[PDB]
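To keep things clear, I will list the structure first and then write my remarks on it.
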Number of protein chains: 12
Amino acid sequence: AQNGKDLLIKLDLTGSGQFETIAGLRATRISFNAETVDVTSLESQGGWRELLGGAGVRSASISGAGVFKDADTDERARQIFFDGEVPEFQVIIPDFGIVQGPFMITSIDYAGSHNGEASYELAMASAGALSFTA
Amino acid sequence: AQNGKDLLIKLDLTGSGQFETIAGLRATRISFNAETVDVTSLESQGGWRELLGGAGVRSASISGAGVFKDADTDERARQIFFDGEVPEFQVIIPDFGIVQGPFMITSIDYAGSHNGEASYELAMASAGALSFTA
Amino acid sequence: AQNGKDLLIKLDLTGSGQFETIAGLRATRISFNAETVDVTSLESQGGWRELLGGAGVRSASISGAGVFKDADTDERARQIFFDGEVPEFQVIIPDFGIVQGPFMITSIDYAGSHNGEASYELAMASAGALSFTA
Amino acid sequence: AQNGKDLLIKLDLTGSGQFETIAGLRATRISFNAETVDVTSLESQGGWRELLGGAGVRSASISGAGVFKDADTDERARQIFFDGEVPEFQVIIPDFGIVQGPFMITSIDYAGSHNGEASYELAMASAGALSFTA
Amino acid sequence: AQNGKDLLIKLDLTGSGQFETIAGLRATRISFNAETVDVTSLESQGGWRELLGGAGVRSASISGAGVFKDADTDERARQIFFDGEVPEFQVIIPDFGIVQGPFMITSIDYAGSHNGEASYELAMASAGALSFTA
Amino acid sequence: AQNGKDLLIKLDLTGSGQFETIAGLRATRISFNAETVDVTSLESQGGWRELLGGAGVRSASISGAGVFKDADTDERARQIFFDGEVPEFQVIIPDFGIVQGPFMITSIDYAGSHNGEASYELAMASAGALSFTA
Amino acid sequence: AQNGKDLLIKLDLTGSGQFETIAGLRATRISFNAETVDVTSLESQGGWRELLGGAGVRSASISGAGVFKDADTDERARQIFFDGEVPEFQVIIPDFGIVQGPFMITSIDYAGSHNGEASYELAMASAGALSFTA
Amino acid sequence: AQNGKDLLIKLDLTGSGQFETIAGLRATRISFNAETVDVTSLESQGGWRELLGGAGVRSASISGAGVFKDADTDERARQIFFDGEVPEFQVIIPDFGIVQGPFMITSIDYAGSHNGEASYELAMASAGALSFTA
Amino acid sequence: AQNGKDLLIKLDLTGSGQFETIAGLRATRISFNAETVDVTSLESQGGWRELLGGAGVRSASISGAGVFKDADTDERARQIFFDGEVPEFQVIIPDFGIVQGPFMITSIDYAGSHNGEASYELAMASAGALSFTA
Amino acid sequence: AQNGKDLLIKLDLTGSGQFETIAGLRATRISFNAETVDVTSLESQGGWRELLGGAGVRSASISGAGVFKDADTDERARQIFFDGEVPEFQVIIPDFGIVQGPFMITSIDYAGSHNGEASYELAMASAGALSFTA
Amino acid sequence: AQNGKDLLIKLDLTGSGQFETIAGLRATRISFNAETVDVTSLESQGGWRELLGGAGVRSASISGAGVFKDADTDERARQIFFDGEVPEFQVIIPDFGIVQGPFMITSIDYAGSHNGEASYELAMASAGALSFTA
Amino acid sequence: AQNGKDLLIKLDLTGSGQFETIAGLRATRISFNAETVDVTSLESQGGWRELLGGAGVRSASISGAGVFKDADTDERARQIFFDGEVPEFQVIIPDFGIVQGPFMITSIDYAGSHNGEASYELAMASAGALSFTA
């Protein structure tokens, strides 16, 4: 078993190796996807859908949500949306290890309520090759 | 940490620098978006979806909801829908700072109930360049 | 602050100036919309989505629901669906004032239950120019 | 005010004037619709969406649900689905009066549970001209 | 009135007349459908949507869900998905009578939980002519 | 009757016959599908939708969710997403028997919360012929 | 004034008119209920909650408790729970008269103590129309 | 000071002005309620919950209990539950004056014991506008 | 009349017919339940809630409490909670006869005090068909 | 120490500054509440629940009960329920000082018994900003 | 028979085998629970609720209360709440034997009065597998 | 053993280290809580509910009640509710030591009676990290 509060997603401050967790984030998710490229012949020994595997494009989608704690790492998340770039990110699956890919911050949104805290959600998409440091 | 009741979205009364909060607004949200322009080559070192970053169009969507308090700032929100223009707006992320862009008021709607208060929601979309005053 | 039970939507009995509230209506809503006509140049000082404002078509959508009280104003709502015309309607935002536009009654529906009352919903759409009498 | 249990929808037994309520039906609804045919000129005094009114096609949709009581009127609802015809139906809005149009029974469905009763839903669509007897 | 536990859906064991209920099934539904083929003339005495009735294709959709009881009738439901055929099925509306049509088993799915029972859902579609034995 | 905790889905460690359950998985589902290829003639003895049966392509979709227990079988699930291949999988319907087909791991996603455990969902799709060992 | 020991609740022995009191019952109660179907208009001359009256479903709940005296009428109460049916019951309000409705025996429970007598409680619910013979 | 035995609740015998006390009633209570419709702005000078007052629906609940004295006024309480109507009632707060509203009798229940008297409780709910005659 | 100390609830020692009372149990209760499946039509001759009777699921709940006497029958109650099974139980209503159903031991709890004895409560739920041997 | 009979809650007679105690009130209570808005980060130095403080909405609830003494201040409590308004109230904590806020009278109820006095309870809720005069 | 003061619940001092009773504890209770996973088929020979037994999750809940005696075993109960872990506990049912499972201390609370002693309650929940040493 | 009158809960006067007991408080309680985050695998060696321990959020709830003695420490408890902040508090478990955390005062309430003293209750909730000074 493994606790969820050790599944940290990290952002670059200087753009080179200085990885810090964003802010108070309450729910986090890295989501991988494949594209299921259908190769169904005339012969499929009963008509089973045969798949190809290597050919589909693959992606990783980050989804993070939490409370607005105005750390410097949170402002470095805000500004890389503005001069929209694809910096390097790092998700630590808590005892798998490090994901370490570049991601583009597609959607950032700051929400508040009269009776609640200021909360931000944060969604990112894969921008390049992913790795696995362990 | 930071309270949500200091995330104010402001509207122009005279159209030039006179920024006031709209009315009793109970939930507010500024939502940013990118367009994820896919550049996936023949070579992607395993088939990872490569993204471009700078090329996608970017947007900001305001979503505000609250109780109908018939302030002058609320009527100035109503009339700019009618002679539909793109005036300047200002969202204050509570200790980031000022957003300060022009927005078009796409959807305004006044709702009431027999056992409830009169409530308005308010949705706006980006009309131009956004800034960050801090 | 302002109560929701003073947000009355009114219908014409004679088709000329004789405006009455429909029936026992429990929830009412006038909903305005713009069309967000995108004008995004090659140059947008960072790629911000620029909007045009004046060009989009604009609309108003009425949504009313309530209990079936068989007033004469309710039958005048029923018959104008049948010989389908675009009579003049009037929404009173409770201390803004009068909306006063022509609307077509798109959807009317009479619903009942074995353990409930007879209820009608009522949805209308903009048929022409809107005003603001205040 | 008016009770919902007097909003009866009636079916023809002999196909000519012999109208009976279907079965134990617990929720009933007649739903009318118009088609909102858009006529938006170059000139619309501000860009308001102008509508035409008389041109859109109009419809009536019956939605009835209830418990399976195997009356003869319920079997006459079953068989007119099979040799699919458009017999005459009659909805009595409880103190408006009679609707009296022909409807096609589009969807009938008999559902049961291990811990529940046998229930049928019943959806019909307009097949011709509607009337209003009052 | 009529109990829902007498609405049995039956499957063929030998493919010829030997009809048995599947397994422990907790919710069952046979759902019929018509296609509402629109015939709206230039003249429709007010613009009412006129329908044709006999022309639309008609269908029957079975939906069954329940607990996985590994009867022989359940394995005969599994194997007819594999060598995908259209065997004869029988729904008994509890005091209407017998439906008796051929159906193709489109979707079968076996689901389990760590704290629950093993449950299967089962969805079928019409494969031919339907009858009514009563 | 049959317990749900004996519906195990198994993954290959060495790619050849060494089948182990993934991790702590809390909900599991194998979902089969057919394609309902419509063959509706001009003659269908009343207009019943006739189906063909053998012609539609057929598929199996695995859906597994559970807690992140970092077993070696869980890392072997992670890596086969990366060098995306179609290894052999095995679902044991608890007293039917073995499913034993090749599947591609389309979607894997590792999710955590500040107050919850680290959880993974896991969705797979059919990559070839399915069997039934019993 | 009127004594409570003349408020007898009676059960059918043969299912047809042969009504006998159950056993030694020490406390008895017939409880009627309405459903308070809310019809609150936009206008209610001050906002008073207006009710409809005729539309709500109505029920009768029997509650009987007493000592286990193993009469034949007590065993006829036990067996109608097992082959669960809705036989006819009769409550005699002592100088109103007879209630005479069908009731389903929802809850029967036989309780004993080491220092007490064997006691049964008995709760029933309305199964149909109620009457009043007086 | 004021005695409680002069707080009489009265029922209509003929339905028009003929008001009599029910029976031997030992405890009586008229209970009024408001709905506390929350209007809490973004600004509330410290975050105090601001309320609206006029908008909430208001109700009156009668609760009466006593001994079963089989007066004609008690039978007129019984029968108006059966053909469930909303007759006019009258509570006399002993030196305020008269309440005089219509009420629906939601719950009536006749209870007896082997060692006690026959007792009835009686609960009513507001059905319309309330007054105050004094 | 009948004593409560002859209302014995019995447990299986060998799992086959060897029924013994548990321990010193001071209060015992078998509680039966039905599910009151509501079938309320549009017509109910006044709006009486009509019930169905045969369709509701039925259950039996055992509740036993007493002093901890460490008999072998008490340890056989403890262990069947651990390897959680549904063995056969037997309640003897003292001159009705035998209940004889299978029950699952849902809740067992051993409680002690500094000034009291060691006491256990014991709650069971129906696991299958119930009988009545008499 | 301080006596409880000097904790007076006062009502406005003229609506402006004329504050009087209601009637014979036997138990009184002003109850304040906060909303505990949870801000629990990913990091909380051990997982302690961190709170925000300023963001939660705050309220004050009056609860008063006593004997019905028909003073003019008691009738001014009755009538402000009817034309439901939010007048100004004043609680004197006996040597703190004055509370002085506006409150809505949510629940008033007049109760009497055959052997008791006429008693009223009285519950109010916060309608706006609270103060502290001391 | 067996005394309650020999039902000791024991805590680990070193985390490995060194089990001591907590403090002066006046009332203690270990409470076991099952989850009653319902498997009710279409056929249940009369509609009896059939249960599954092996599938439900099972738990053990400790409830201990007593006087605050500041032993070292009491401080070892306090600190394992702070760095919240799941250490091993041991309940000795006095002549059954040893329970010996890991438990998480969910709720600890220290209470005192001006005229009473300092008392602590203590509630724990099952964290893993339970045993039975006897 | 240890007396309850040495379990003092202390409040800050200046907000920095100046800790005093509130007032005459008659009953006091600090209550800790964990969140029992369930991690129940497919395998749990018999189906025991396995828990995670470190992941659940943890809290501390103060409950204090007593007589209104208008000390300066009592007014400092009143005012920190008004400008609602999260000051530092200190509970002294009498020979454990000091708790020393920040708490928000959720509920304060001043109650009085005609024959009793003025009493206040006081409930607080955890606002941050807790400590243990001993």
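The chains in the structure tokens are called A, B, ... from first to last as shown; in each chain the residues are counted from 1, and the ligands are counted from 1 in the order shown.
Residues of chain E lying within 10 Å of chain A, counting only C-alpha atoms, are residues 82, 83 and 84 of chain E.
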Go ahead and save the residues from that selection, with N, CA and C atoms, as a compact mmCIF listing (two decimals), in the first residue's frame.
# COMPACT_ATOMS: atom_id res chain seq x y z
N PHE E 82 -19.71 -15.74 -28.52
CA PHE E 82 -18.42 -16.02 -29.14
C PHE E 82 -18.56 -16.46 -30.58
N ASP E 83 -19.23 -17.58 -30.84
CA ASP E 83 -19.60 -17.88 -32.22
C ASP E 83 -20.90 -17.14 -32.49
N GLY E 84 -20.76 -15.84 -32.77
CA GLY E 84 -21.83 -14.87 -32.73
C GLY E 84 -22.98 -15.18 -33.65
Next item on the list: Extract, using only C-alpha atoms, all DNA, RNA and protein residues at most 8 Å from residue 74 (chain L), discarding same-chain residues fewer than 5 positions from it, and format them as a ChimeraX atom specification.
Entry: /L:22-23,69
Can you spit out the residues from that selection as a JSON list (two decimals), in the first residue's frame, using C-alpha atoms?
[["chain", "number", "residue", "atom", "x", "y", "z"],
["L", 22, "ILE", "CA", -10.88, 31.42, 29.94],
["L", 23, "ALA", "CA", -13.37, 31.80, 32.78],
["L", 69, "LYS", "CA", -17.58, 34.98, 34.48]]
Notebook entry, point to check: If you count only C-alpha atoms, which residues fall within 12 Å of residue 16 (chain J), apart from same-chain ones fewer than 4 positions away, as a ChimeraX atom specification?
Noted result: /J:11-12,20,87-90,100,102
Next item on the list: Give me, please, the distance in Å between CA of residue 131 (chain D) and CA of residue 26 (chain D), quoted to one decimal.
Entry: 25.0 Å
What are the DSSP strand (DSSP E) residues of region 2-103 of chain F, as an mmCIF file with N, CA, C and O atoms, in the first residue's frame?
data_model
loop_
_atom_site.group_PDB
_atom_site.id
_atom_site.type_symbol
_atom_site.label_atom_id
_atom_site.label_comp_id
_atom_site.auth_asym_id
_atom_site.auth_seq_id
_atom_site.Cartn_x
_atom_site.Cartn_y
_atom_site.Cartn_z
ATOM 1 N N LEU F 8 -10.598 -12.538 -10.975
ATOM 2 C CA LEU F 8 -9.255 -11.999 -11.041
ATOM 3 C C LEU F 8 -8.886 -11.763 -12.495
ATOM 4 O O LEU F 8 -9.208 -12.571 -13.369
ATOM 5 N N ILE F 9 -8.214 -10.647 -12.753
ATOM 6 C CA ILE F 9 -7.625 -10.384 -14.057
ATOM 7 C C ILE F 9 -6.113 -10.457 -13.908
ATOM 8 O O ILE F 9 -5.542 -9.904 -12.962
ATOM 9 N N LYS F 10 -5.475 -11.204 -14.796
ATOM 10 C CA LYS F 10 -4.076 -11.558 -14.634
ATOM 11 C C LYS F 10 -3.234 -11.022 -15.772
ATOM 12 O O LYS F 10 -3.687 -10.929 -16.915
ATOM 13 N N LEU F 11 -2.004 -10.689 -15.436
ATOM 14 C CA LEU F 11 -1.041 -10.093 -16.337
ATOM 15 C C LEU F 11 0.191 -10.983 -16.424
ATOM 16 O O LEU F 11 0.535 -11.692 -15.479
ATOM 17 N N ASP F 12 0.860 -10.942 -17.570
ATOM 18 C CA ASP F 12 2.060 -11.742 -17.774
ATOM 19 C C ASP F 12 3.299 -11.025 -17.269
ATOM 20 O O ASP F 12 3.536 -9.867 -17.611
ATOM 21 N N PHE F 19 1.308 -15.842 -15.174
ATOM 22 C CA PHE F 19 0.189 -14.934 -14.979
ATOM 23 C C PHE F 19 0.008 -14.620 -13.506
ATOM 24 O O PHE F 19 -0.139 -15.530 -12.687
ATOM 25 N N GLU F 20 0.000 -13.336 -13.175
ATOM 26 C CA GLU F 20 -0.247 -12.890 -11.818
ATOM 27 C C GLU F 20 -1.268 -11.769 -11.833
ATOM 28 O O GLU F 20 -1.376 -11.020 -12.804
ATOM 29 N N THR F 21 -2.018 -11.670 -10.744
ATOM 30 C CA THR F 21 -2.926 -10.556 -10.537
ATOM 31 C C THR F 21 -2.107 -9.286 -10.353
ATOM 32 O O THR F 21 -0.965 -9.336 -9.894
ATOM 33 N N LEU F 25 -6.557 -4.356 -6.548
ATOM 34 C CA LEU F 25 -7.547 -3.825 -7.463
ATOM 35 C C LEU F 25 -8.899 -3.974 -6.797
ATOM 36 O O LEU F 25 -9.218 -5.034 -6.256
ATOM 37 N N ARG F 26 -9.662 -2.900 -6.778
ATOM 38 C CA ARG F 26 -10.888 -2.905 -6.007
ATOM 39 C C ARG F 26 -12.114 -3.166 -6.854
ATOM 40 O O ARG F 26 -13.089 -3.726 -6.352
ATOM 41 N N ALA F 27 -12.091 -2.789 -8.123
ATOM 42 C CA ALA F 27 -13.211 -3.045 -9.014
ATOM 43 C C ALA F 27 -12.649 -3.482 -10.347
ATOM 44 O O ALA F 27 -11.723 -2.855 -10.867
ATOM 45 N N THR F 28 -13.195 -4.552 -10.891
ATOM 46 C CA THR F 28 -12.719 -5.090 -12.149
ATOM 47 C C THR F 28 -13.897 -5.439 -13.039
ATOM 48 O O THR F 28 -14.984 -5.756 -12.553
ATOM 49 N N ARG F 29 -13.678 -5.351 -14.344
ATOM 50 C CA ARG F 29 -14.732 -5.587 -15.315
ATOM 51 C C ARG F 29 -14.118 -5.947 -16.651
ATOM 52 O O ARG F 29 -13.269 -5.210 -17.155
ATOM 53 N N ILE F 30 -14.554 -7.060 -17.220
ATOM 54 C CA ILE F 30 -14.301 -7.387 -18.614
ATOM 55 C C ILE F 30 -15.596 -7.152 -19.367
ATOM 56 O O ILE F 30 -16.660 -7.601 -18.937
ATOM 57 N N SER F 31 -15.529 -6.392 -20.449
ATOM 58 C CA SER F 31 -16.727 -5.974 -21.162
ATOM 59 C C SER F 31 -16.616 -6.364 -22.622
ATOM 60 O O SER F 31 -15.705 -5.906 -23.316
ATOM 61 N N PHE F 32 -17.548 -7.183 -23.090
ATOM 62 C CA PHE F 32 -17.558 -7.638 -24.470
ATOM 63 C C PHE F 32 -18.541 -6.814 -25.288
ATOM 64 O O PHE F 32 -19.520 -6.288 -24.759
ATOM 65 N N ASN F 33 -18.291 -6.725 -26.592
ATOM 66 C CA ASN F 33 -19.104 -5.901 -27.474
ATOM 67 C C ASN F 33 -19.215 -6.533 -28.851
ATOM 68 O O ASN F 33 -18.266 -7.140 -29.345
ATOM 69 N N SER F 59 -15.293 -7.408 -29.757
ATOM 70 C CA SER F 59 -14.242 -6.822 -28.954
ATOM 71 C C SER F 59 -14.436 -7.192 -27.499
ATOM 72 O O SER F 59 -15.507 -7.630 -27.086
ATOM 73 N N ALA F 60 -13.384 -6.987 -26.724
ATOM 74 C CA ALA F 60 -13.417 -7.170 -25.285
ATOM 75 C C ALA F 60 -12.680 -6.009 -24.651
ATOM 76 O O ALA F 60 -11.561 -5.689 -25.059
ATOM 77 N N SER F 61 -13.299 -5.380 -23.664
ATOM 78 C CA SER F 61 -12.717 -4.226 -23.001
ATOM 79 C C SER F 61 -12.562 -4.524 -21.522
ATOM 80 O O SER F 61 -13.540 -4.853 -20.846
ATOM 81 N N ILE F 62 -11.344 -4.416 -21.029
ATOM 82 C CA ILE F 62 -11.045 -4.618 -19.621
ATOM 83 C C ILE F 62 -11.142 -3.268 -18.943
ATOM 84 O O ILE F 62 -10.717 -2.255 -19.504
ATOM 85 N N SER F 63 -11.711 -3.238 -17.748
ATOM 86 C CA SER F 63 -11.685 -2.041 -16.925
ATOM 87 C C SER F 63 -11.337 -2.454 -15.512
ATOM 88 O O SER F 63 -12.107 -3.173 -14.869
ATOM 89 N N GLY F 64 -10.183 -2.014 -15.035
ATOM 90 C CA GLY F 64 -9.766 -2.344 -13.692
ATOM 91 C C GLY F 64 -9.383 -1.110 -12.915
ATOM 92 O O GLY F 64 -8.760 -0.201 -13.463
ATOM 93 N N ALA F 65 -9.761 -1.050 -11.649
ATOM 94 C CA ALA F 65 -9.415 0.075 -10.800
ATOM 95 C C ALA F 65 -9.010 -0.446 -9.438
ATOM 96 O O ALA F 65 -9.512 -1.477 -8.991
ATOM 97 N N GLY F 66 -8.105 0.260 -8.778
ATOM 98 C CA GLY F 66 -7.741 -0.189 -7.451
ATOM 99 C C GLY F 66 -6.722 0.717 -6.813
ATOM 100 O O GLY F 66 -6.453 1.821 -7.289
ATOM 101 N N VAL F 67 -6.163 0.233 -5.718
ATOM 102 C CA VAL F 67 -5.198 1.001 -4.951
ATOM 103 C C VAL F 67 -3.798 0.718 -5.458
ATOM 104 O O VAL F 67 -3.482 -0.384 -5.914
ATOM 105 N N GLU F 88 -0.141 -10.809 -23.545
ATOM 106 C CA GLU F 88 -1.241 -11.712 -23.293
ATOM 107 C C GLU F 88 -1.796 -11.507 -21.892
ATOM 108 O O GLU F 88 -1.045 -11.403 -20.921
ATOM 109 N N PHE F 89 -3.117 -11.438 -21.788
ATOM 110 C CA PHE F 89 -3.794 -11.249 -20.516
ATOM 111 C C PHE F 89 -4.771 -12.377 -20.268
ATOM 112 O O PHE F 89 -5.056 -13.183 -21.154
ATOM 113 N N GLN F 90 -5.285 -12.420 -19.048
ATOM 114 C CA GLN F 90 -6.101 -13.532 -18.598
ATOM 115 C C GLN F 90 -7.070 -13.054 -17.539
ATOM 116 O O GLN F 90 -6.653 -12.626 -16.460
ATOM 117 N N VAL F 91 -8.352 -13.123 -17.852
ATOM 118 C CA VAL F 91 -9.419 -12.813 -16.916
ATOM 119 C C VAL F 91 -10.036 -14.125 -16.476
ATOM 120 O O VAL F 91 -10.379 -14.962 -17.318
ATOM 121 N N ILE F 92 -10.169 -14.322 -15.177
ATOM 122 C CA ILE F 92 -10.789 -15.531 -14.665
ATOM 123 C C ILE F 92 -12.163 -15.144 -14.153
ATOM 124 O O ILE F 92 -12.299 -14.578 -13.067
ATOM 125 N N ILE F 93 -13.182 -15.415 -14.955
ATOM 126 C CA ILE F 93 -14.563 -15.369 -14.501
ATOM 127 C C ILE F 93 -14.659 -16.524 -13.514
ATOM 128 O O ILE F 93 -14.299 -17.648 -13.888
ATOM 129 N N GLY F 97 -14.285 -19.792 -15.950
ATOM 130 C CA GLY F 97 -12.944 -20.170 -16.302
ATOM 131 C C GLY F 97 -12.201 -18.994 -16.874
ATOM 132 O O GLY F 97 -12.459 -17.837 -16.531
ATOM 133 N N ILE F 98 -11.293 -19.309 -17.761
ATOM 134 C CA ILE F 98 -10.235 -18.401 -18.169
ATOM 135 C C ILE F 98 -10.613 -17.756 -19.495
ATOM 136 O O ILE F 98 -11.172 -18.416 -20.375
ATOM 137 N N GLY F 101 -6.831 -13.833 -23.623
ATOM 138 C CA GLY F 101 -6.595 -13.159 -24.877
ATOM 139 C C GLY F 101 -5.462 -12.161 -24.784
ATOM 140 O O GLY F 101 -4.953 -11.874 -23.701
ATOM 141 N N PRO F 102 -5.011 -11.642 -25.925
ATOM 142 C CA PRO F 102 -4.051 -10.534 -25.895
ATOM 143 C C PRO F 102 -4.786 -9.204 -25.845
ATOM 144 O O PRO F 102 -5.790 -9.008 -26.526
ATOM 145 N N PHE F 103 -4.292 -8.295 -25.023
ATOM 146 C CA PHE F 103 -4.924 -7.002 -24.853
ATOM 147 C C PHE F 103 -3.870 -5.916 -24.894
ATOM 148 O O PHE F 103 -2.736 -6.118 -24.462
#
Check: Counting only C-alpha atoms, what is within 10 Å of residue 45 (chain C), bar same-chain residues fewer than 3 positions away, as a list in words?
Finding: residues 128, 129 and 130 of chain B; 41, 42, 48 and 49 of chain C
Would you export the selected residues with N, CA and C atoms as a PDB file, in the first residue's frame, please?
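Output contents, as saved in out_33.pdb:
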ATOM      1  N   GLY B 128      -8.937  40.242 -26.033  1.00  0.00           N
ATOM      2  CA  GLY B 128      -7.690  40.829 -26.451  1.00  0.00           C
ATOM      3  C   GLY B 128      -6.554  40.358 -25.587  1.00  0.00           C
ATOM      4  N   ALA B 129      -5.514  41.177 -25.531  1.00  0.00           N
ATOM      5  CA  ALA B 129      -4.322  40.817 -24.783  1.00  0.00           C
ATOM      6  C   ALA B 129      -4.570  40.899 -23.288  1.00  0.00           C
ATOM      7  N   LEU B 130      -3.983  39.966 -22.558  1.00  0.00           N
ATOM      8  CA  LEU B 130      -4.051  39.963 -21.109  1.00  0.00           C
ATOM      9  C   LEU B 130      -2.716  40.429 -20.550  1.00  0.00           C
TER      10      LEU B 130
ATOM     11  N   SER C  41      -5.969  37.581 -35.454  1.00  0.00           N
ATOM     12  CA  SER C  41      -5.030  37.927 -36.502  1.00  0.00           C
ATOM     13  C   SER C  41      -3.812  37.015 -36.498  1.00  0.00           C
ATOM     14  N   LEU C  42      -2.891  37.313 -37.405  1.00  0.00           N
ATOM     15  CA  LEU C  42      -1.572  36.715 -37.326  1.00  0.00           C
ATOM     16  C   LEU C  42      -0.799  37.311 -36.166  1.00  0.00           C
ATOM     17  N   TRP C  48      -3.111  36.131 -28.000  1.00  0.00           N
ATOM     18  CA  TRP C  48      -4.374  36.213 -27.294  1.00  0.00           C
ATOM     19  C   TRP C  48      -5.524  36.255 -28.276  1.00  0.00           C
ATOM     20  N   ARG C  49      -6.591  35.554 -27.936  1.00  0.00           N
ATOM     21  CA  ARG C  49      -7.759  35.521 -28.794  1.00  0.00           C
ATOM     22  C   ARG C  49      -8.453  36.864 -28.764  1.00  0.00           C
TER      23      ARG C  49
END
